[PDB]
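Chemist:
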Amino acid sequence: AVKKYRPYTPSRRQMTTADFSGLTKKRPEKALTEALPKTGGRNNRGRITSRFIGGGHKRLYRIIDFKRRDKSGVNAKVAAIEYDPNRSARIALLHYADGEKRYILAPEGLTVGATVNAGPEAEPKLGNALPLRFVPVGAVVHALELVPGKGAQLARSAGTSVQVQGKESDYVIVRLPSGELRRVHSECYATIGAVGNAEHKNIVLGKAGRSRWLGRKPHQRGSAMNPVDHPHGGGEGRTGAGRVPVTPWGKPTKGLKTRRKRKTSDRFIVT
Amino acid sequence: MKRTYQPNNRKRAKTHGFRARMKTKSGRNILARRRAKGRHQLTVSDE
RNA sequence: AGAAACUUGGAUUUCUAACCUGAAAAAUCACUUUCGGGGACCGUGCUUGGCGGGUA
RNA sequence: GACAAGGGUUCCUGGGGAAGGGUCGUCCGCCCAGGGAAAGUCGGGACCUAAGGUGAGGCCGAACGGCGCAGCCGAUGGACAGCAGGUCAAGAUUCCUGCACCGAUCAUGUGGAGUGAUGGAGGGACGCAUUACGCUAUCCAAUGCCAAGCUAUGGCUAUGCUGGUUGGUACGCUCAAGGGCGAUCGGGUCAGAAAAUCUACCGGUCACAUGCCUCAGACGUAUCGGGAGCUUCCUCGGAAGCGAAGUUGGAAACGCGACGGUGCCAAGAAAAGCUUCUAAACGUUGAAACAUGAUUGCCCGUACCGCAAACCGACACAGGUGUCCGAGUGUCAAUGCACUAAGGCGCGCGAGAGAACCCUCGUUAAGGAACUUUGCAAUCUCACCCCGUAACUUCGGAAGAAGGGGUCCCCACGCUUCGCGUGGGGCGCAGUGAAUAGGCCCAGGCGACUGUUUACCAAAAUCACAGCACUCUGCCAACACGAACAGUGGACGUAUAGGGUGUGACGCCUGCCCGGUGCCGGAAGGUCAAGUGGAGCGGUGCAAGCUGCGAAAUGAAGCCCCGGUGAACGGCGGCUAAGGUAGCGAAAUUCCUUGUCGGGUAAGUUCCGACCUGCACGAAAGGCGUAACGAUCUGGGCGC
RNA sequence: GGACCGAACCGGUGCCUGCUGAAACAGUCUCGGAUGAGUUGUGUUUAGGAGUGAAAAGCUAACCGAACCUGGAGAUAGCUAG
Ligand SMILES: CC[C@H]1OC(=O)/C=C/[C@H](C)[C@@H](O[C@@H]2O[C@H](C)C[C@H](N(C)C)[C@H]2O)[C@@H](C)C[C@@H](C)C(=O)/C=C/[C@H]2O[C@@H]2[C@]1(O)CO[C@@H]1O[C@H](C)[C@@H](O)[C@@H](OC)[C@H]1OC
Ligand SMILES: [Mg+2]
Ligand SMILES: [Mg+2]
Ligand SMILES: [Mg+2]
Ligand SMILES: [Mg+2]
Ligand SMILES: [Mg+2]
Ligand SMILES: [Mg+2]
Ligand SMILES: [Mg+2]
Ligand SMILES: [Mg+2]
Ligand SMILES: [Mg+2]
Ligand SMILES: [Mg+2]
Ligand SMILES: [Mg+2]
Ligand SMILES: [Mg+2]
Ligand SMILES: [Mg+2]
Ligand SMILES: [Mg+2]
Ligand SMILES: [Mg+2]
Ligand SMILES: [Mg+2]
Ligand SMILES: [Mg+2]
Ligand SMILES: [Mg+2]
Ligand SMILES: [Mg+2]
Ligand SMILES: [Mg+2]
Ligand SMILES: [Mg+2]
Ligand SMILES: [Mg+2]
Ligand SMILES: [Mg+2]
Ligand SMILES: [Mg+2]
Ligand SMILES: [Mg+2]
Ligand SMILES: [Mg+2]
Ligand SMILES: [Mg+2]
Ligand SMILES: [Mg+2]
Ligand SMILES: [Mg+2]
Ligand SMILES: [Mg+2]
Ligand SMILES: [Mg+2]
Ligand SMILES: [Mg+2]
Ligand SMILES: [Mg+2]
Ligand SMILES: [Mg+2]
Ligand SMILES: [Mg+2]
Ligand SMILES: [Mg+2]
Ligand SMILES: [Mg+2]
Ligand SMILES: [Mg+2]
Ligand SMILES: [Mg+2]
Ligand SMILES: [Mg+2]
Ligand SMILES: [Mg+2]
Ligand SMILES: [Mg+2]
Ligand SMILES: [Mg+2]
Ligand SMILES: [Mg+2]
Ligand SMILES: [Mg+2]
Ligand SMILES: [Mg+2]
Ligand SMILES: [Mg+2]
Ligand SMILES: [Mg+2]
Ligand SMILES: [Mg+2]
Ligand SMILES: [Mg+2]
Ligand SMILES: [Mg+2]
Ligand SMILES: [Mg+2]
Ligand SMILES: [Mg+2]
Ligand SMILES: [Mg+2]
Ligand SMILES: [Mg+2]
Ligand SMILES: [Mg+2]
Ligand SMILES: [Mg+2]
Ligand SMILES: [Mg+2]
Ligand SMILES: [Mg+2]
Ligand SMILES: [Mg+2]
Ligand SMILES: [Mg+2]
Ligand SMILES: [Mg+2]
Ligand SMILES: [Mg+2]
Ligand SMILES: [Mg+2]
Ligand SMILES: [Mg+2]
Ligand SMILES: [Mg+2]
Ligand SMILES: [Mg+2]
Ligand SMILES: [Mg+2]
Ligand SMILES: [Mg+2]
Ligand SMILES: [Mg+2]
Ligand SMILES: [Mg+2]
Ligand SMILES: [Mg+2]
Ligand SMILES: [Mg+2]
Ligand SMILES: [Mg+2]
Ligand SMILES: [Mg+2]
Ligand SMILES: [Mg+2]
Ligand SMILES: [Mg+2]
Ligand SMILES: [Mg+2]
Ligand SMILES: [Mg+2]
Ligand SMILES: [Mg+2]
Ligand SMILES: [Mg+2]
Ligand SMILES: [Mg+2]
Ligand SMILES: [Mg+2]
Ligand SMILES: [Mg+2]
Ligand SMILES: [Mg+2]
Ligand SMILES: [Mg+2]
Ligand SMILES: [Mg+2]
Ligand SMILES: [Mg+2]
Ligand SMILES: [Mg+2]
Ligand SMILES: [Mg+2]
Ligand SMILES: [Mg+2]
Ligand SMILES: [Mg+2]
Ligand SMILES: [Mg+2]
Ligand SMILES: [Mg+2]
Numbered sequence: 002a003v004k005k006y007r008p009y010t011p012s013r014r015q016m017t018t019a020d021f022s023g024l025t026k027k028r029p030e031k032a033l034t035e036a037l038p039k040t041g042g043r044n045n046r047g048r049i050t051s052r053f054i055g056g057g058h059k060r061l062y063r064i065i066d067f068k069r070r071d072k073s074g075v076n077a078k079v080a081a082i083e084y085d086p087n088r089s090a091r092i093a094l095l096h097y098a099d100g101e102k103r104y105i106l107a108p109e110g111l112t113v114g115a116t117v118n119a120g121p122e123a124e125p126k127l128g129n130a131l132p133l134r135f136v137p138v139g140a141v142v143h144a145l146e147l148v149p150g151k152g153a154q155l156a157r158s159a160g161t162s163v164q165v166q167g168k169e170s171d172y173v174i175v176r177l178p179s180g181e182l183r184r185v186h187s188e189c190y191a192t193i194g195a196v197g198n199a200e201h202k203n204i205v206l207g208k209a210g211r212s213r214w215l216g217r218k219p220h221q222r223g224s225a226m227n228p229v230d231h232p233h234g235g236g237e238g239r240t241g242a243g244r245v246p247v248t249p250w251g252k253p254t255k256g257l258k259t260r261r262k263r264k265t266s267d268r269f270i271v272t
Numbered sequence: 001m002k003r004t005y006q007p008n009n010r011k012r013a014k015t016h017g018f019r020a021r022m023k024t025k026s027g028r029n030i031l032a033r034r035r036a037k038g039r040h041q042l043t044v045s046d047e
């Protein structure tokens with residue numbers, strides 16, 4: 002379920018592109034779209050900060066409802082499912098019985114025109130948004146809140162599950178997509194099921210221009226540079242001694258986490 | 001062979017203009033410096 | 001050597017007004033507040049020692 | 001030819017002639033003086049918002065200062081009412097002429113009541129490629145029309161020749177492709193802060209073609225212009241009057257109908273004007289809105305140069321400079337090439353001479369790369385039809401492989417026209433008759449590929465690239481800018497994500513060595529700062545006391561110590577921790593070297609293939625292959 | 001369609017010519033790209049140990065292994081000139 006091409010050009014031989022047939026063809030829905038992509042490659046005072054950002058196709062923002070808390074007890078019909086330029090994880094338009102539209106993340110397997118619901122009295126159906134205290138053990142969910150309110154944060158890229166583990170009082174163990182175990186407040190909301198578009202990993206951008214269309218820009222190696230520019234660079238011929246990043250450090254196995262209050266709220270983080 | 005100086009009335013008025021010097025302290029220092037030399041308007045705005 | 005009290009310190013723990021932080025009619029800030037979560041931690045101020053071609 | 005930028009009177013007239021002008025100069029973009037520049041409708045402003053800037057309050061900060069919401073500024077974009085002509089020496093959608101339109105204020109009447117926001121709704125609100133129908137600009141033909149006259153060289157006596165052949169407006173039961181369309185009643189409060197007769201959702205009803213609505217544009221009638229020319233004056237050459245015709249056939253946009261259709265993924269501003277709703281307020285005798293008359297129309301820009309002698313280049317400089325129009329004939333097409341129209345120019349020293357030599361060209365006997373570092377350079381090839389076309393391959397390609405043929409004029413016949421096929425005939429050395437137009441092939445090294453780079457000696461085998469791997473980061477993320485508990489980037493992102501690093505399509509693969517170093521983990525022991533501790537030692541005082549010094553014990557991270565770790569830094573040898581698994585090897589690596597054999601050549605220090613004796617190959621500083629690609633580098637061959 | 005040929009346009013491959021140039025980087029010829037990682041206008045943001053950089057120590061107003069201007073400043077000059 003992904004497009005391919007005859008080698009009619011050297012670069013179409015490997016290029017592959019995602020299936021769109023399930024996406025409703027419709028404009029992003031005005032007023033739910035603050036647009037203002039305002040692409041910005043640099044940093045607050047004109048310096049570049051994350052290297053190598055660069056212009057790609059202009060985007061508009063779709064305002065997702067990442068909390069889904071104020072519509073508790075209120076059914077919503079699935080209007081359509083759509084491309085989102087900025088999310089890697091298709092959105093689902095929602096027509097509430099209130100008669101107000103709102104975007105959501107698209108759960109894998111959420112068919113158009115299904116009814117979905119929010120709030121503590123909400124059966125653990127696909128696409129429902131309910132608190133972790135009410136999620137049955139072992140259930141797979143996405144779109145979960147790190148804190149009660151403030152919105153979801155941890156399971157949002159396509160194919161990202163977070164499976165419930167145990168239940169300490171006022172808290173709930175969970176397995177993050179990274180595999181780390183995390184205590185999380187039972188008052189946080191989450192949505193049932195995995196994120197959709199699960200096969201997004203396997204698209205292969207067949208040429209340079211593709212990474213450019215995505216707004217990634219050519220990414221220099223240090224070894225190509227000069228001593229002035231980067232530690233690996235310089236020397237006649239090719240190599241490097243000590244292995245370190247841009248400004249110096251490990252890139253192998255220097256732990257980067259500090260000694261925070263968060264460190265008490267997760268079991269066995271590694272991998 | 002495009003050369004270094006490509007005129008532009010808004011460019012020149014914007015950088016170098018009297019409102020631009022007066023803005024920053026060090027520009028107002030250029031203003032006091034030129035007045036002290038008695039320049040025929042060093043200020044670039046409307047000479 | 002056994003009890004009470006004044007306790008003063010250390011560690012486990014737990015709590016909530018300091019402090020951090022998030023949603024709500026008022027987008028940064030202030031407010032009430034429901035509240036929510038964190039929480040004497042972190043942040044920061046002074047001082048101790050280690051690392052420190054990133055720089056000089 | 002018309003503009004923007006930029007320049008600044010360079011424009012027009014009348015004068016001038018020192019200097020500028022590469023010579024001259026009576027001339028000039030030079031000198032002097034005088035004049036010229038006209039806007040309710042074109043562009044901007046009294047309208048709007050983007051990036052960005054700025055910012056009361058607010059968040060930071062040795063000072064100065066840095067941030068930052070609303071708000072405000074900011075066109076390169078949104079919105080918005082006029083067209084056709086005439087004409088100063090010099091302006092013109094600005095003035096004059098003919099007709100038109102837009103808002104405002106007021107007056108007469110109709111109307112007859114509701115108007116309806118700093119707030120809601122909807123809408124303005126958008127991509128890329130390709131494409132059907134109709135049409136205009138606009139261009140072409142003619143024995144259509146109109147006007148002028150002549151013609152002669154040999155002929156034509158006009159069915160020859162030259163020129164011209166409609167723009168605006170208004171009406172029109174005339175033709176007309178294309179294009180836009182739901183209407184409504186009620187329900188839910190949980191939706192738009194509240195409200196709402198507006199919008200969103202739900203449901204009852206027709207929502208077939210249709211049916212409305214729309215005119216691009218055409219035809220017609222009228223009308224205001226224009227119109228080839230003609231008439232007279234003429235102060236050197238201008239001025240004023242009059243004015244025919246307007247056919248039929250064909251071609252055609254990137255413009256118009258438009259916000260059409262279809263497909264695609266990388267998923268294509270905002271805000272006001274605008275249309276709906278109400279709150280509040282006034283009003284419900286005198287409202288909205290309509291019509292007719294009137295008065296009203298502010299500020300800035302308009303000259304001239306504007307692919308260049310008027311702008312950037314010190315120059316009247318062979319350079320550079322964003323947009324728009326850019327006719328004709330021929331030629332598959334075209335903005336190409338050749339000639340040419342309108343229009344613009346002959347480049348501000350000139351004349352002779354026809355030596356050496358130097359530049360840019362034309363031809364060349366016989367030979368044909370013998371030249372040379374090298375076929376460097378310059379030939380050869382060349383367009384469009386037709387036939388034909390290899391190893392190898394990722395089955396797309398290599399491919400315009402290679403190679404061969406045709407190409408002009410006339411007649412007849414056929415056909416889907418312009419045009420083409422067929423048959424016959426003619427002419428020249430020659431028929432893409434001139435101009436624009438690939439030389440090809442075999443075989444290697446390197447990189448897969450398109451791309452990128454040393455502005456001004458290097459375009460590459462360099463960078464990047466898709467793909468691969470390690471490692472980090474749980475979100476106020478890791479990392480990065482930063483006076484800083486500010487703010488910001490990462491990112492309005494969330495492990496299918498983001499940072500860092502090395503490798504570098506694809507295929508088969510990626511070995512041995514954890515001793516040293518880095519990293520990750522361990523933790524019995526050794527060690528280790530300040531601080532807590534205060535044994536004891538000393539000064540001074542008669543004393544109380546005041547005072548200098550200071551030991552054990554205890555006290556973190558860190559290092560010693562232990563284990564692991566290689567797409568971590570690394571190592572894989574000498575007549576240590578290990579010592580090269582596959583692959584390749586005289587190589588972009590080979591010193592001895594022109595290694596030895598073979599191939600190619602008459603002859604081969606180069607190049608191909610083998611061997612291995614690898615001075616000093618080898619597996620993601622990747623090993624070995626690989627079709628295709630290449631202004632890459634190397635050796636051969638054909639052609640010239 | 002980071003497909004082909006090829007004008008505009010962007011570029012700068014090889015030779016010659018120019019070398020007190022027509023020009024402080026050019027001309028003729030030839031050559032690369034030419035729907036894309038494309039070309040270009042206006043507005044605007046990032047700068048000195050700093051910015052940028054498909055990476056040359058390139059570029060940062062005609063000579064960048066650390067710009068220009070002013071200042072310390074008559075730096076210091078075991079060196080050369082006079
Ligand atoms: C010929 C081209 C240029 O010269 C050279 O390359 C070289 C010239 C000499 C031979 C050389 O001497 C040699 O040095 C050696 C170290 C030693 C040797 N000894 C043994 C004698 C000596 O012989 C030099 C250093 C001498 C020195 C006076 C000098 O520096 C001259 C500089 C420039 O004027 C010259 C140019 O003529 C300018 O040409 C420019 O080319 C550009 C591409 C153009 O764009 C244009 O630029 C706008 C143009 O004009 C600038
Ligand atoms: Mg297929
Ligand atoms: Mg940097
Ligand atoms: Mg990469
Ligand atoms: Mg380098
Ligand atoms: Mg170097
Ligand atoms: Mg360094
Ligand atoms: Mg080396
Ligand atoms: Mg190095
Ligand atoms: Mg860094
Ligand atoms: Mg003055
Ligand atoms: Mg001014
Ligand atoms: Mg210290
Ligand atoms: Mg140093
Ligand atoms: Mg050191
Ligand atoms: Mg101007
Ligand atoms: Mg003149
Ligand atoms: Mg004179
Ligand atoms: Mg005089
Ligand atoms: Mg003279
Ligand atoms: Mg003279
Ligand atoms: Mg004159
Ligand atoms: Mg504004
Ligand atoms: Mg703004
Ligand atoms: Mg500011
Ligand atoms: Mg701002
Ligand atoms: Mg504008
Ligand atoms: Mg208008
Ligand atoms: Mg306007
Ligand atoms: Mg008028
Ligand atoms: Mg006249
Ligand atoms: Mg004029
Ligand atoms: Mg006119
Ligand atoms: Mg009403
Ligand atoms: Mg058409
Ligand atoms: Mg005729
Ligand atoms: Mg005629
Ligand atoms: Mg007619
Ligand atoms: Mg506004
Ligand atoms: Mg003019
Ligand atoms: Mg002017
Ligand atoms: Mg010139
Ligand atoms: Mg140009
Ligand atoms: Mg044309
Ligand atoms: Mg033509
Ligand atoms: Mg033609
Ligand atoms: Mg031409
Ligand atoms: Mg001219
Ligand atoms: Mg002959
Ligand atoms: Mg021969
Ligand atoms: Mg010889
Ligand atoms: Mg020879
Ligand atoms: Mg040789
Ligand atoms: Mg050659
Ligand atoms: Mg085969
Ligand atoms: Mg085949
Ligand atoms: Mg080939
Ligand atoms: Mg090909
Ligand atoms: Mg013959
Ligand atoms: Mg013949
Ligand atoms: Mg020819
Ligand atoms: Mg010729
Ligand atoms: Mg070789
Ligand atoms: Mg390459
Ligand atoms: Mg160079
Ligand atoms: Mg440059
Ligand atoms: Mg070069
Ligand atoms: Mg903060
Ligand atoms: Mg590499
Ligand atoms: Mg290995
Ligand atoms: Mg050999
Ligand atoms: Mg050798
Ligand atoms: Mg032989
Ligand atoms: Mg031999
Ligand atoms: Mg050689
Ligand atoms: Mg060999
Ligand atoms: Mg090697
Ligand atoms: Mg390696
Ligand atoms: Mg390699
Ligand atoms: Mg190889
Ligand atoms: Mg290339
Ligand atoms: Mg070469
Ligand atoms: Mg060769
Ligand atoms: Mg192409
Ligand atoms: Mg370049
Ligand atoms: Mg050029
Ligand atoms: Mg080519
Ligand atoms: Mg190509
Ligand atoms: Mg530095
Ligand atoms: Mg420079
Ligand atoms: Mg200069
Ligand atoms: Mg210097
Ligand atoms: Mg001195
Ligand atoms: Mg001093
Ligand atoms: Mg010194």
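Respectively, the protein sequence lines represent chains L and S.
Using UniProt numbering, the letters of the first sequence map in sequence onto residues 2 to 272.
Using UniProt numbering, the letters of the second sequence map in sequence onto residues 1 to 47.
Note that beta-carbon positions come from the ideal geometry of N, C-alpha and C, so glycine has one too.
Does the Cβ of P121/L have 16 or more other Cβ atoms within 10 Å, making it buried, or fewer, making it exposed?
Modeler: exposed
Chemist: Between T40/L, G223/L, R70/L, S224/L, which lies nearest to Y190/L when the distance is taken from Cα to Cα?
Modeler: Considering only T40/L, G223/L, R70/L, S224/L, the residue with the shortest C-alpha distance to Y190/L is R70/L.
Chemist: Are three or more beta carbon pairs between the segment 191-210 of chain L and the segment 231-245 of chain L nearer than 8 angstroms?
Modeler: As far as the Cβ criterion goes, the segment 191-210 of chain L does not touch the segment 231-245 of chain L, which means the pair count is below three.
Chemist: May I ask you to check if the CB of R239/L is nearer than 8 angstroms to at least one heavy atom of ligand 69?
Modeler: In terms of side-chain proximity, the C-beta atom of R239/L is found nearer than 8 angstroms to a non-hydrogen atom of ligand 69.
Chemist: Select from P86/L, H96/L, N227/L, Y62/L the residue whose C-alpha is nearest the C-alpha of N76/L.
Modeler: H96/L
Chemist: Start and end of the beta strand (DSSP E) containing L31/S?
Modeler: Taken as a continuous stretch (DSSP letters only), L31/S belongs to no beta strand (DSSP E), being part of the alpha helix (DSSP H) at 25-37.
Chemist: Closer than 8 angstroms is the cut-off here; do at least three beta carbon pairs connect the segment 110-119 of chain L with the segment 133-143 of chain L?
Modeler: no
Chemist: For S266/L versus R184/L, is the C-beta spacing smaller than 9 angstroms?
Modeler: Yes, the pair counts as a contact, with Cβ atoms nearer than the cut-off.
Chemist: Out of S73/L, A130/L, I65/L, state which residue places its alpha-carbon closest to the alpha-carbon of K102/L.
Modeler: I65/L
Chemist: For the beta strand (DSSP E) that contains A130/L, what are its first and last residues?
Modeler: Annotation for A130/L: the continuous beta strand (DSSP E) segment containing it runs 130-132.
Chemist: With DSSP collapsed to three states, give me the class of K126/L.
Modeler: coil
Chemist: Give me, in chain order, the residues of the same chain whose beta-carbon lies closer than 8 angstroms to that of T34/L; leave out the 5 immediate sequence neighbours on both sides.
Modeler: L61, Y62, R63, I64
Chemist: Under 6 angstroms Cβ to Cβ from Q154/L, same chain only, skipping five residues before and after it: list those, please.
Modeler: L147
Chemist: By alpha-carbon positions, which one of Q15/L, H186/L, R239/L ends up nearest to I204/L?
Modeler: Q15/L
Chemist: Select from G236/L, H220/L, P219/L the residue whose C-alpha is nearest the C-alpha of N227/L.
Modeler: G236/L
Chemist: Decide yes or no for the touch test of the segment 170-185 of chain L against the segment 124-137 of chain L: beta carbon pairs closer than 8 angstroms, at least 3 of them.
Modeler: yes
Chemist: For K218/L, which of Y6/L, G56/L, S187/L has the nearest alpha-carbon?
Modeler: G56/L
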